[PDB]
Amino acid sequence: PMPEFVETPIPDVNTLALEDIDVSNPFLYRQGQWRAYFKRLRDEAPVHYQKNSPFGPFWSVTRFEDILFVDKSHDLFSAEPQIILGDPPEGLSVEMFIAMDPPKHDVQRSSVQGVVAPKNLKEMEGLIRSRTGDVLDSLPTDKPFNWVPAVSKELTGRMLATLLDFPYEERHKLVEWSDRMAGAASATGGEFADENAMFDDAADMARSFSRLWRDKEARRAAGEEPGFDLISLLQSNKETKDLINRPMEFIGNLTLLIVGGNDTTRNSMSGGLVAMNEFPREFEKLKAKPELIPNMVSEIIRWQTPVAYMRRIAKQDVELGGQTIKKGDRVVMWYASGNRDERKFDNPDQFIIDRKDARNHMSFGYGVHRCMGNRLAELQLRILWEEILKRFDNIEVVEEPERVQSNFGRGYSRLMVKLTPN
C-alpha cells in the first residue's frame, strides 16, 4: 500500500544539487518553499528531470512559455491515463475526460459543457448571489472565525449540489468524495491513504448517482420542468439520454464535475483573503474602484493558482528547454510556477488587482483541457467579492493560515478571519 507522507523540514533549495530538486514534495506549499524551489528551476533547469521521487521519475516544466507549449501540444503530450503526478490506487482509476486525448475527449466534453454555457450560468446567478449573501450575513463580526468551513466550503458544497441537482442535505457527500479522491497519497501526496474507504466511496458514488439518474428521469417523465443541472441537460439530448448504459462515461463525467469544482472553488475563495492580507493596499484600491472586481478575480486566481499542475505523458521524444523528453516520460506542467514566471508577469509574486495581463494566467491551463468550469469559478468569485464590498469595510486575517498537504491542490484548511462591517 501507499505509505502516508510525514512532514519533515524542507531545506533551502540552494543546499541542493540541481538534479536533487524534488518538487513533488506535498509539503512544499505548506512550508513556503515552493517559490524558491520553482524559481531556481525556472532559472537553471526549466525542463528538469527528477529520476528519484516517491511517485517515480518525472519532468518538471516550470516556465510560462514552456508550459503553454506542453499544454497546447496534445499531439506530443498525452493526458492519459492520469493527470496527477502519481497513480490512483489500483482498480480506482476513474476514466475522466480531463485525462483523455482527442477526439474522445472532445466528444465527452461537448456532451457536458452546456452546464456552464453562458445562458445556463445566468440562470444560476440569482441563487449564487442569494446563497453568498445568506452566508456572509450569518458570519460573526465581533470575533474571528475559520473562513474555510464557514464560507469557502459552505458556498462550494451548495454550488456542487446545484450542478448535479444533488439532494441538498447530502451535498457534504460530494465534498467528501471529491476530497478523498483528490487527496489520495499515491496520486498527490495528500493525507488520504485508506484505499478501502476509496472503494467504499466509489461504490456509494455509483449507487447515489444512479439513484439520482432514475429520480431525475422519473421526474422528467412526470413533466417536471427541466432544470439547469448536468443531469437535466444530459437527459435532454439524444446522444446522452442513455448515458446510464455507459456507467464510466456517466460516473466519470459526474465525478470530474464535482472534483473539478470542489477545492478549486474553495481555495479560490480563501486565497483572495490571503492575498488581500499580504497586500492590503489592493483592498483600499478595490473599495475605491469596485469596477476592478472582474480583473481582481483573475488576479486572485493567478496568485493563488489553486491547481498546482497538470501531468502529461510524452507520446514521442520531444526536445524542450534544451532537454530531450523521452517517449513515455511523465511531464508535469507547474502552473504555480508559470504564474510566478517574471518572464511573463512583472513583479509576479505581488498581488496587483489591476494587473493588465491578469487574464493571461495559466491557472485554468491552456489547450483542449482548459478548465471547463472557468466561467463558473470566476462567477462565484465575482459575486463573493461584490457581496463582500456591500457588507464589510475591512477583512483581517488574524492568524497564520494552515495549508493543505498536497502537491496538486494549493489551498487552506484554516483561515482565521476578523470582519469589520461598514
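Start at 1 and count along the sequence shown; that's the residue number.
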| item | value |
| --- | --- |
| Of 302-310 and 236-244, the one with larger mean CA B-factor | 236-244 |
| Greater mean Cα temperature factor according to the PDB record, 381-389 or 31-39 | 381-389 |
| Of the residues 81, 167, 86, 190, the one carrying the largest Cα B-factor as recorded | 167 |
| Member of 107, 336, 205, 98 with the greatest C-alpha B factor (per the PDB record) | 205 |
| Entry-reported Cα temperature factor of residue 351, expressed as the chain third it lands in | lowest |
| Chain thirds of CA B-factor: placement of residue 183 | middle |
| Chain-wide C-alpha B factor ranking for residue 22, given as lowest, middle or highest third | middle |
| Among modelled residues of the same chain, the CA temperature factor third for residue 297 | lowest |
| Residue 332 - which third its CA temperature factor falls in, relative to the rest of the chain | lowest |
